[PDB]
Amino acid sequence: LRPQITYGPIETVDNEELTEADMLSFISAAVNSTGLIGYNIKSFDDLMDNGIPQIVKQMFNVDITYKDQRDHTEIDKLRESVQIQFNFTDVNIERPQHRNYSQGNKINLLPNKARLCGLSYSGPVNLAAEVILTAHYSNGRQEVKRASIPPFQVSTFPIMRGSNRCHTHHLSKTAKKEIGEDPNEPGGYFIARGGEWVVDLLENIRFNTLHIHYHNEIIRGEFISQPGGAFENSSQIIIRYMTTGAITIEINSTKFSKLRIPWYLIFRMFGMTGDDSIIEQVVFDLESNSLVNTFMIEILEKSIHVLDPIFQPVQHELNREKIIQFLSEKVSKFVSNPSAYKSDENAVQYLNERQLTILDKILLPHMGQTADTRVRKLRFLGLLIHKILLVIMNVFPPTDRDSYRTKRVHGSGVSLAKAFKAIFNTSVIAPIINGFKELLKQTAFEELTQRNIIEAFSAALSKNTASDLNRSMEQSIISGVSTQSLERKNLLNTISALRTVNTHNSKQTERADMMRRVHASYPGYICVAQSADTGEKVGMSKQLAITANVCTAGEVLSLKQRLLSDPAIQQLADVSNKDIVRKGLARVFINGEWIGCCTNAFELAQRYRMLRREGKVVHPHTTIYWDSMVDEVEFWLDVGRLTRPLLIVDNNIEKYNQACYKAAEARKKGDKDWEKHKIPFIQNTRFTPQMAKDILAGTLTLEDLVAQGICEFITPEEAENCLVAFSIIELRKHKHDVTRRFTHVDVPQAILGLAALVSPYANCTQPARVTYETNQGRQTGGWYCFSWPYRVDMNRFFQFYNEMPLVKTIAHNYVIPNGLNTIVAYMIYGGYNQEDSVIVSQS
Amino acid sequence: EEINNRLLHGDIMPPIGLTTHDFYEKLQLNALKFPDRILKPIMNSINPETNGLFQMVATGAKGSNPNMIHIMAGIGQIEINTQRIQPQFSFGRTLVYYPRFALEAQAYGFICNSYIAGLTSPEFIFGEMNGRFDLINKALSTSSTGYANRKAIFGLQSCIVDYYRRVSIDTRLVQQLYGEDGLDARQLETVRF
Amino acid sequence: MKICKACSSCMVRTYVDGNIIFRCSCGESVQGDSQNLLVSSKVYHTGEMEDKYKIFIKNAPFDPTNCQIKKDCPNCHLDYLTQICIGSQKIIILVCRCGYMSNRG
Amino acid sequence: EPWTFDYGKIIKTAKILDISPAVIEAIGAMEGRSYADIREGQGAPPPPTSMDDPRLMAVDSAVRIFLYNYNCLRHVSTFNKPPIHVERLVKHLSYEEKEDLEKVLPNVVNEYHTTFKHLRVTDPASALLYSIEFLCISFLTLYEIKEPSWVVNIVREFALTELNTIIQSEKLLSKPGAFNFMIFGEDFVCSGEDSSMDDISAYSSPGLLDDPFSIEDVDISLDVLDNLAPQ
Amino acid sequence: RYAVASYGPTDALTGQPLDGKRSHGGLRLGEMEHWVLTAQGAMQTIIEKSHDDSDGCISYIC
Amino acid sequence: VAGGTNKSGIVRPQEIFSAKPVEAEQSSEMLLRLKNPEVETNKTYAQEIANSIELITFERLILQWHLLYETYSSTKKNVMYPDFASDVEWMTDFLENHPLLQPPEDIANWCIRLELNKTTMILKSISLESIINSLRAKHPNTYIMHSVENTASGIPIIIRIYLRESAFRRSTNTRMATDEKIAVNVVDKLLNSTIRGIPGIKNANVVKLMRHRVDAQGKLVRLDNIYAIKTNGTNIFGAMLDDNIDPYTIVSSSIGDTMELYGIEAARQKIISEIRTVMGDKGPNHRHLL
Ligand SMILES: [Zn+2]
Ligand SMILES: [Zn+2]
């Protein structure tokens, strides 16, 4: 679609009265849109309403078969196996409950009772299911028994305080205050065993992207693929280039492990067995004379004729069926004797059908999971090998591990889902599987009724399992999913702990020093000053900048269908590899999935950015990245991106360019006054002093500043297509500078976190000293909690008197100040204040 | 800027053994150093008889001359590992505030302001880059020294002065005479011949 | 490489009495005439060659993050150009959105 | 040269093998269907519309294993030891005439590869039929030869053996019947949709000598670490 | 701050004081303190602290 | 922290205390004093000697190389690669311009084609005849052809080296090496051939140093106008063979190299000198380095 809105001319915007104190209002607006920790509550609510139900109803289908190990006992000789098949149909989570006295009716459990009694602020999880048992007989017939289970409670799931499933969500501020809660705190923590725990934000690499690293391995390329969504299973491929010349593609998933396969065998298993076509997926053209192709063809050709010790029998095979059979026998763990099943033809058909089903769900699942996308995956796989060889050729550098262009920040919703998956199938699925095994061993299959099947499912899930799910989640929350105990030194520390970004858990000396530095991709997203000043943790824990936020997943289907309805984008089925290179087409990606090509990458990204400004067609939180180095357009809508609002800067470069042509045209016509046809260049932001006043009156929010096309959200990968003026004073200095045309204008205070904004005139202090204040401001005595009398806390200090600084900062609009305006004399008095000591008045 | 004008016209020719990039960086690092005359305005603004900040520095009690210059005149060029700010922000950009292949000195860590005047946002970021190293190297100076100290002590501790003033390992000579003069290091006097 | 005309496989190259013979695993053998007399090759300074920056240099006038210079374009007579500095020898190229490119490219 | 699909070649080829022509037309489309339903032709997927249809690559893969195995018989002498698929029939021949079979046998790979790459991009519907018809025409060519008399009995068996194995390989990708699940050697047998025995470590993010920052050789109390503050 | 005693809780295995304030044990004269005391030649202080005040005992050897 | 001069962190101290070999040194240096006290006064002589010793391998003068399976006979038309069939124009010129350099009778069927980097040939000031003479002197089992020294951009300078059959006759009893393996191994040897330098040293600057000397009247005077060469990289034996360097006062920063050539007593003095350099000027007493 083409953008249809128009804005008033930028030459008539009146911003000469704007002061840098007026721009602070913009920051205020930003902080009022996202709150301070609103992403934690939003992420946990997304996990509750959408995440866990999807995970249980979609990713936990059980279909297993077991040997019938009974005795003669009638027809039991003629039955060999029993097939346990079940899935869960209904899922929900309720608010935490407690049972009063004994045999009560499960009254509500408030957070303060959980804190005092050492209880668990966990709400019940109710599941429903249907189970299908199949018995297989020697002659060939089979019998099916199907049962349906009424909803039952498996365990309790921890509830984040202040979230939707918290009791302090249906209560007012006065009611919150009177039940022993801190009426001013936002929440965002878990209460387990009477302690408060913060599930921290975790740095992770970006999924559906290729990370190429140097290391026997010459080079390595890793690609984690997720079929779309925050809670789907991810499968990674590692494409190694070994010193022997061999290229091996290792696939790690829930079904494979550590098995390095020669690269061309993956192509053969999908039906592409011709080498020339296999080579064409990497070089895109066998008839190109480019020196890049000569380099790649020489490497690819040598890799085909390198002998793999494991895949020797099928290395020279052109029959795709016999390659699938070899790998299925190689990776299936129930095949303990080879050639014992090859005498049975239906068994060979079973292993081949099993491998194809597994292959289409773990090999690049983000490109599709059906069999209709096999050749599409091979085109994408060849593109990945092409990129990796471009780094071996030293054409392109490897991936920067520190840049946030290729990083994600995952909160409690994502992290608790990963812990839930590894726990649900251990504390729920595993007991049920053992439950049905022991029923079928002690009772004939045909003697069973609906009652017996329904009883075993509930009986096997005893309170051993009910405890197991809740306590395994708590241990994951406590042991740290990177978590920490919530230490309430003061209100600044509590907020700074919930805005903290932690890295996973190396020993490489250069790798250990680089990850602790401040990176050029930080300004506006990660506080440049907040870190530990001493110890191993210097630079290891990061703080969100004041206007930074964490994105949620967007409607990927709406954008994908619009890109596929775009006349400017050719679908991937309608273009050849030769067409891409001979016509110079530009690949278009959405969330890493290659969907098509366009003839003009810059024009498409420019056109969809203008569609995002209206917001009616493209969501405002959509990342639009144009790679001018390789001419690719990337759309990102996934959860975990850091964004900040930036005020849009507009110019009159269209009229300025036209006036240059008219002036040149007049000069060629012999006119003497050819210079009077030029017009001055003008660039400005549309933010006016009246907008600042409307923000403070509450009648203008960040939502309608975005809706009016005045500011927009920028992600660290989209920030590489931006030229930002560091302040409104720098934008005014270059108002008529045609040689420096900014895309956005920044508010200078947006580069600091909340604790670093406590320091007054921080730009007049040595910057390393501002790092100290972030540590020292978070360990300062004050009103550590507003509900302190209702708490029994350990090593907590409540300072009685606090003062607002005479020289305050914007950080004191969001946290209570902690300290006093002491009168200080800067003098030598007897030598008792030397070497960093002080003299205090006893009075 | 005159170095940039030479570069834009292709007038910069490196000597043998240097690339044009390395020579241009050598010229830019040398051209962006404060002269000695930077203290003329600093010293014309102060009274040495009464200024406490100057007296703490001039007498050696606390501080140095670059401390006064940074506070009062200007910080200058941020220099990490004896070189300017390298572009880690997407292939030729040092930060999001500067364009690609920017030629101005400010884009590579030149801080034109003093502390008393305050730094701008890009200057504070470049200053935070330099100040983060001081914290990283301090944390490393404990562990790296500890690894080297323990290996040096376990290699050297068996050396003990015997009754001949020799240094030996239980019988075996390490030195024929300790320090080749047989003296204690706490008992030495610096004397002119 | 050489591609087998029968099974489209990558043939193995051997040398017999001063001639190149491509033998496949299916028994088919051919002899290259002229285009197969390239045993190996390498190209140096791949990170700064003109073939690497073709797309970038073509896209440079449209990238808003690139440095501009106050200098007339001699083709369309626009009063500003986009300056880029590529390589370890710091090669300066001026480009314009009209297609002009200093160094004649 | 105007090429058109000829359905008579599949009819002729199928009658030789005593199989329904629906089996030949369903090469590369046998996954997800029981071989019974394939044989009558029920549930036949529609003709391809995309050049990235896996059906096109599957039938092309079937063609080139017929050509690859044919040249192994055609070049049986050049092999140090011929493969097992050809040696079991050329065993009784003599090395003089085993060196032969490359001058008396036709070359049936005339213009397949060049034409398939043209039709696949242009119209994927015709690519499926061209490669299906080519496999039948090539099989007939090795079947309808008459001279010399000493070679007719040696390739007609070969043509029947290869085309049967091509169909057999396609058949092994279809829906399995009923069989004992314990012949694999273990008790448990899991399916492709099962998640009961998934790797626990695979739910995390996949994948990942002295610590330079660890105070391991520094013997300092953990309660007094503020002595190391940069100050 | 901390100051303990001539006596107190003792580890069952090593026979040395427990660790720090919370266990009411002693404080640690670590590896680097014995380097400094050895460098100074103060060997009767090492006997007093590492033997008399920590775990010094009598071993009988044939 | 740059490669070849890495002195960041604790790296030089680890090289000394771990007794690491010369191959593991990331900041090795060397100070060379000119053999002539008269030459050491003038900087131009010190500068041209410093640039005289700087390892320029044949590899760093190359933009691209191709290994071709071709033989050269002047009369019979032999097959040539289609991309480089245009090279025949300067083949004929080379043969009529070098009547003494006729192609031999034992040229093998292996050819190496080279495309010299003209910018490096200008920046390093290396002539074509300097390359050709250096390659012919070191590699006698090859036949070398080249184009003219052109001063116009766009026309490259092509070095074409034909392998003689004697290259494969050197050691062919070791049958585990196909002719392609020897030919490729010949490429590696030829590329790594030394042109105008000593091996092991990367950069050789010129430094001004002050030394003491006794006058004819007995006075001791500090002479500040003395020029030396501080190299980047260590090769004592390579500098010991130079006639522009005083061999008796070669100062290497490498303990392993000093121990190798001079002995344990000089290596003892080298450990003292190298620890003191790391220690700074607020350093320990000399008896703690001893
Ligand atoms: Zn072949
Ligand atoms: Zn122009």
# chains A, B, ... in the order shown; residues from 1 in each chain; ligands from 1
>>> closest_atom_pairs(of="chain D", to="chain B", cutoff="9 Å", atoms="only C-alpha atoms", output="JSON lines")
{"residue": "D:211", "atom": "CA", "partner": "B:143", "partner_atom": "CA", "distance": 8.7}
{"residue": "D:212", "atom": "CA", "partner": "B:144", "partner_atom": "CA", "distance": 6.4}
{"residue": "D:213", "atom": "CA", "partner": "B:143", "partner_atom": "CA", "distance": 5.6}
{"residue": "D:214", "atom": "CA", "partner": "B:143", "partner_atom": "CA", "distance": 5.9}
{"residue": "D:215", "atom": "CA", "partner": "B:143", "partner_atom": "CA", "distance": 4.9}
{"residue": "D:216", "atom": "CA", "partner": "B:143", "partner_atom": "CA", "distance": 7.3}
{"residue": "D:217", "atom": "CA", "partner": "B:146", "partner_atom": "CA", "distance": 5.2}
{"residue": "D:218", "atom": "CA", "partner": "B:146", "partner_atom": "CA", "distance": 5.1}
{"residue": "D:219", "atom": "CA", "partner": "B:146", "partner_atom": "CA", "distance": 8.6}
{"residue": "D:228", "atom": "CA", "partner": "B:142", "partner_atom": "CA", "distance": 7.6}
{"residue": "D:229", "atom": "CA", "partner": "B:138", "partner_atom": "CA", "distance": 8.4}
{"residue": "D:230", "atom": "CA", "partner": "B:138", "partner_atom": "CA", "distance": 6.4}
>>> write_last_selection(atoms="N, CA and C atoms", output="PDB file, in the first residue's frame")
ATOM      1  N   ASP D 211      39.919 -18.457  34.530  1.00  0.00           N
ATOM      2  CA  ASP D 211      39.057 -17.285  34.458  1.00  0.00           C
ATOM      3  C   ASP D 211      39.883 -16.045  34.768  1.00  0.00           C
ATOM      4  N   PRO D 212      40.019 -15.101  33.834  1.00  0.00           N
ATOM      5  CA  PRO D 212      40.872 -13.931  34.093  1.00  0.00           C
ATOM      6  C   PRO D 212      40.368 -13.033  35.207  1.00  0.00           C
ATOM      7  N   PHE D 213      39.089 -13.109  35.567  1.00  0.00           N
ATOM      8  CA  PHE D 213      38.512 -12.227  36.571  1.00  0.00           C
ATOM      9  C   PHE D 213      38.268 -12.913  37.907  1.00  0.00           C
ATOM     10  N   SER D 214      38.503 -14.217  38.002  1.00  0.00           N
ATOM     11  CA  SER D 214      38.248 -14.957  39.230  1.00  0.00           C
ATOM     12  C   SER D 214      39.429 -14.812  40.178  1.00  0.00           C
ATOM     13  N   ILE D 215      39.134 -14.539  41.445  1.00  0.00           N
ATOM     14  CA  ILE D 215      40.179 -14.461  42.477  1.00  0.00           C
ATOM     15  C   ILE D 215      40.326 -15.872  43.033  1.00  0.00           C
ATOM     16  N   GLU D 216      41.100 -16.686  42.318  1.00  0.00           N
ATOM     17  CA  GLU D 216      41.352 -18.066  42.711  1.00  0.00           C
ATOM     18  C   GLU D 216      42.698 -18.244  43.397  1.00  0.00           C
ATOM     19  N   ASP D 217      43.724 -17.529  42.949  1.00  0.00           N
ATOM     20  CA  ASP D 217      45.021 -17.551  43.607  1.00  0.00           C
ATOM     21  C   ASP D 217      45.179 -16.435  44.629  1.00  0.00           C
ATOM     22  N   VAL D 218      44.154 -15.617  44.827  1.00  0.00           N
ATOM     23  CA  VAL D 218      44.172 -14.552  45.821  1.00  0.00           C
ATOM     24  C   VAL D 218      43.444 -15.068  47.054  1.00  0.00           C
ATOM     25  N   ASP D 219      44.176 -15.218  48.155  1.00  0.00           N
ATOM     26  CA  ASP D 219      43.603 -15.703  49.407  1.00  0.00           C
ATOM     27  C   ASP D 219      43.182 -14.492  50.227  1.00  0.00           C
ATOM     28  N   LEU D 228      39.250  -4.298  47.799  1.00  0.00           N
ATOM     29  CA  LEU D 228      39.556  -4.293  46.377  1.00  0.00           C
ATOM     30  C   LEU D 228      38.788  -3.226  45.613  1.00  0.00           C
ATOM     31  N   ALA D 229      37.995  -2.412  46.299  1.00  0.00           N
ATOM     32  CA  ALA D 229      37.217  -1.388  45.622  1.00  0.00           C
ATOM     33  C   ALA D 229      38.148  -0.396  44.931  1.00  0.00           C
ATOM     34  N   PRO D 230      37.823   0.036  43.710  1.00  0.00           N
ATOM     35  CA  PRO D 230      38.728   0.947  42.992  1.00  0.00           C
ATOM     36  C   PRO D 230      38.934   2.271  43.699  1.00  0.00           C
TER      37      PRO D 230
END
>>> select_by_dssp(residues="stretch 39-80 of chain D", states="helix (DSSP H, G or I)", output="MDAnalysis selection string")
chainID D and resid 39:40 54:74
>>> residues_near_ligand(ligand="ligand 1", cutoff="7 Å", atoms="only C-alpha atoms and all ligand atoms", output="PDB file with N, CA and C atoms, in the first residue's frame")
ATOM      1  N   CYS C   4      29.078 -34.440 -14.454  1.00  0.00           N
ATOM      2  CA  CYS C   4      28.805 -35.593 -15.300  1.00  0.00           C
ATOM      3  C   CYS C   4      27.538 -35.370 -16.114  1.00  0.00           C
ATOM      4  N   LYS C   5      27.620 -35.644 -17.417  1.00  0.00           N
ATOM      5  CA  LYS C   5      26.454 -35.447 -18.270  1.00  0.00           C
ATOM      6  C   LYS C   5      25.396 -36.515 -18.034  1.00  0.00           C
ATOM      7  N   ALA C   6      25.770 -37.628 -17.404  1.00  0.00           N
ATOM      8  CA  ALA C   6      24.811 -38.691 -17.126  1.00  0.00           C
ATOM      9  C   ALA C   6      24.037 -38.432 -15.838  1.00  0.00           C
ATOM     10  N   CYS C   7      24.741 -38.363 -14.709  1.00  0.00           N
ATOM     11  CA  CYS C   7      24.108 -38.287 -13.399  1.00  0.00           C
ATOM     12  C   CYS C   7      24.287 -36.936 -12.717  1.00  0.00           C
ATOM     13  N   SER C   8      24.802 -35.932 -13.430  1.00  0.00           N
ATOM     14  CA  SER C   8      24.988 -34.580 -12.894  1.00  0.00           C
ATOM     15  C   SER C   8      25.824 -34.575 -11.619  1.00  0.00           C
ATOM     16  N   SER C   9      26.746 -35.521 -11.496  1.00  0.00           N
ATOM     17  CA  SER C   9      27.606 -35.625 -10.328  1.00  0.00           C
ATOM     18  C   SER C   9      28.891 -34.837 -10.544  1.00  0.00           C
ATOM     19  N   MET C  11      32.601 -34.750 -10.906  1.00  0.00           N
ATOM     20  CA  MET C  11      33.619 -35.705 -11.316  1.00  0.00           C
ATOM     21  C   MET C  11      34.944 -35.430 -10.614  1.00  0.00           C
ATOM     22  N   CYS C  24      34.026 -39.979 -13.296  1.00  0.00           N
ATOM     23  CA  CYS C  24      32.913 -40.006 -12.362  1.00  0.00           C
ATOM     24  C   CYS C  24      32.844 -41.359 -11.665  1.00  0.00           C
ATOM     25  N   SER C  25      31.993 -41.432 -10.642  1.00  0.00           N
ATOM     26  CA  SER C  25      31.789 -42.680  -9.921  1.00  0.00           C
ATOM     27  C   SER C  25      30.848 -43.630 -10.647  1.00  0.00           C
ATOM     28  N   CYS C  26      30.249 -43.197 -11.754  1.00  0.00           N
ATOM     29  CA  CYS C  26      29.400 -44.045 -12.578  1.00  0.00           C
ATOM     30  C   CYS C  26      30.136 -44.609 -13.785  1.00  0.00           C
ATOM     31  N   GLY C  27      31.455 -44.444 -13.845  1.00  0.00           N
ATOM     32  CA  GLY C  27      32.255 -44.969 -14.924  1.00  0.00           C
ATOM     33  C   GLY C  27      32.441 -44.033 -16.097  1.00  0.00           C
ATOM     34  N   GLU C  28      31.583 -43.028 -16.240  1.00  0.00           N
ATOM     35  CA  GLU C  28      31.726 -42.073 -17.330  1.00  0.00           C
ATOM     36  C   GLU C  28      32.980 -41.236 -17.125  1.00  0.00           C
TER      37      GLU C  28
ATOM     38  N   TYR D  68      22.286 -43.303 -13.559  1.00  0.00           N
ATOM     39  CA  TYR D  68      23.521 -43.635 -12.856  1.00  0.00           C
ATOM     40  C   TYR D  68      23.775 -45.135 -12.867  1.00  0.00           C
TER      41      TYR D  68
END
>>> residues_near_ligand(ligand="ligand 2", cutoff="9 Å", atoms="only C-alpha atoms and all ligand atoms", output="list in words")
residues 72, 73, 74, 75, 76, 77, 78, 79, 80, 81, 95, 96, 97, 98, 99, 100 and 101 of chain C
>>> write_last_selection(atoms="N, CA, C and O atoms", output="mmCIF file, in the first residue's frame")
data_model
loop_
_atom_site.group_PDB
_atom_site.id
_atom_site.type_symbol
_atom_site.label_atom_id
_atom_site.label_comp_id
_atom_site.auth_asym_id
_atom_site.auth_seq_id
_atom_site.Cartn_x
_atom_site.Cartn_y
_atom_site.Cartn_z
ATOM 1 N N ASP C 72 29.675 20.306 -5.501
ATOM 2 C CA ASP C 72 28.704 20.157 -6.576
ATOM 3 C C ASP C 72 28.879 18.830 -7.300
ATOM 4 O O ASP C 72 29.999 18.368 -7.527
ATOM 5 N N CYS C 73 27.760 18.217 -7.663
ATOM 6 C CA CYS C 73 27.792 17.064 -8.549
ATOM 7 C C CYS C 73 27.955 17.547 -9.983
ATOM 8 O O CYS C 73 27.128 18.331 -10.456
ATOM 9 N N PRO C 74 28.994 17.118 -10.704
ATOM 10 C CA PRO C 74 29.215 17.651 -12.057
ATOM 11 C C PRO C 74 28.203 17.182 -13.087
ATOM 12 O O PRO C 74 28.217 17.700 -14.210
ATOM 13 N N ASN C 75 27.333 16.225 -12.758
ATOM 14 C CA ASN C 75 26.357 15.708 -13.712
ATOM 15 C C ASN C 75 25.002 16.398 -13.592
ATOM 16 O O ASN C 75 24.540 17.029 -14.547
ATOM 17 N N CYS C 76 24.355 16.290 -12.434
ATOM 18 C CA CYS C 76 23.044 16.885 -12.214
ATOM 19 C C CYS C 76 23.119 18.242 -11.532
ATOM 20 O O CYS C 76 22.081 18.884 -11.344
ATOM 21 N N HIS C 77 24.319 18.684 -11.154
ATOM 22 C CA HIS C 77 24.543 20.011 -10.582
ATOM 23 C C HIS C 77 23.798 20.200 -9.267
ATOM 24 O O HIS C 77 23.394 21.311 -8.917
ATOM 25 N N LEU C 78 23.616 19.104 -8.536
ATOM 26 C CA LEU C 78 23.209 19.176 -7.143
ATOM 27 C C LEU C 78 24.412 19.577 -6.300
ATOM 28 O O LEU C 78 25.540 19.155 -6.568
ATOM 29 N N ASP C 79 24.182 20.398 -5.280
ATOM 30 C CA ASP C 79 25.275 21.068 -4.586
ATOM 31 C C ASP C 79 25.853 20.262 -3.427
ATOM 32 O O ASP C 79 26.603 20.820 -2.620
ATOM 33 N N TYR C 80 25.531 18.977 -3.319
ATOM 34 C CA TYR C 80 26.115 18.134 -2.285
ATOM 35 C C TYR C 80 26.369 16.744 -2.844
ATOM 36 O O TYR C 80 25.674 16.284 -3.752
ATOM 37 N N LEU C 81 27.377 16.079 -2.286
ATOM 38 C CA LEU C 81 27.748 14.729 -2.680
ATOM 39 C C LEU C 81 27.867 13.859 -1.438
ATOM 40 O O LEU C 81 28.001 14.353 -0.318
ATOM 41 N N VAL C 95 29.802 10.073 -4.513
ATOM 42 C CA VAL C 95 28.692 9.493 -5.252
ATOM 43 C C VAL C 95 27.491 10.422 -5.148
ATOM 44 O O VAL C 95 27.375 11.229 -4.224
ATOM 45 N N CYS C 96 26.594 10.296 -6.122
ATOM 46 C CA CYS C 96 25.364 11.070 -6.155
ATOM 47 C C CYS C 96 24.207 10.153 -6.522
ATOM 48 O O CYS C 96 24.397 9.087 -7.111
ATOM 49 N N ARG C 97 22.996 10.584 -6.165
ATOM 50 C CA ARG C 97 21.814 9.775 -6.437
ATOM 51 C C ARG C 97 21.484 9.713 -7.921
ATOM 52 O O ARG C 97 20.686 8.863 -8.329
ATOM 53 N N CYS C 98 22.074 10.588 -8.733
ATOM 54 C CA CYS C 98 21.836 10.579 -10.169
ATOM 55 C C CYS C 98 22.635 9.509 -10.896
ATOM 56 O O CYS C 98 22.334 9.218 -12.058
ATOM 57 N N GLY C 99 23.633 8.917 -10.249
ATOM 58 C CA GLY C 99 24.498 7.939 -10.874
ATOM 59 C C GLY C 99 25.936 8.376 -11.020
ATOM 60 O O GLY C 99 26.776 7.553 -11.404
ATOM 61 N N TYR C 100 26.252 9.637 -10.732
ATOM 62 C CA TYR C 100 27.634 10.089 -10.790
ATOM 63 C C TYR C 100 28.471 9.387 -9.731
ATOM 64 O O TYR C 100 27.996 9.096 -8.631
ATOM 65 N N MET C 101 29.730 9.121 -10.068
ATOM 66 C CA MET C 101 30.634 8.431 -9.158
ATOM 67 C C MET C 101 32.056 8.870 -9.460
ATOM 68 O O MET C 101 32.574 8.583 -10.543
#
>>> interface_residues(of="chain D", to="chain C", cutoff="6 Å", atoms="only C-alpha atoms", output="MDAnalysis selection string")
chainID D and resid 64 68 71:72 75 109
>>> select_by_dssp(residues="stretch 7-92 of chain C", states="strand (DSSP E or B)", output="list in words")
residues 10, 12, 13, 14, 15, 16, 19, 20, 21, 22, 23, 29, 30, 31, 40, 41, 42, 43, 66, 68, 69, 81, 82, 83, 84, 85, 86, 91 and 92 of chain C
>>> residues_around(residues="stretch 37-47 of chain B", least_positions_apart="5", cutoff="8 Å", atoms="only C-alpha atoms", output="MDAnalysis selection string")
chainID B and resid 54 69 72:73
>>> residues_around(residues="residue D:161", least_positions_apart="4", cutoff="12 Å", atoms="only C-alpha atoms", output="list in words")
residues 17, 66, 69, 70, 85, 86, 88, 89, 139, 142, 143, 154, 155, 156, 157, 165, 166, 167 and 168 of chain D
>>> closest_atom_pairs(of="chain A", to="chain C", cutoff="6 Å", atoms="only C-alpha atoms", output="JSON lines")
{"residue": "A:274", "atom": "CA", "partner": "C:8", "partner_atom": "CA", "distance": 5.3}
{"residue": "A:275", "atom": "CA", "partner": "C:9", "partner_atom": "CA", "distance": 5.0}
{"residue": "A:394", "atom": "CA", "partner": "C:47", "partner_atom": "CA", "distance": 5.8}
{"residue": "A:395", "atom": "CA", "partner": "C:47", "partner_atom": "CA", "distance": 4.4}
{"residue": "A:628", "atom": "CA", "partner": "C:56", "partner_atom": "CA", "distance": 5.6}
{"residue": "A:629", "atom": "CA", "partner": "C:56", "partner_atom": "CA", "distance": 4.8}
{"residue": "A:660", "atom": "CA", "partner": "C:78", "partner_atom": "CA", "distance": 5.8}
{"residue": "A:723", "atom": "CA", "partner": "C:65", "partner_atom": "CA", "distance": 5.4}
{"residue": "A:739", "atom": "CA", "partner": "C:68", "partner_atom": "CA", "distance": 4.7}
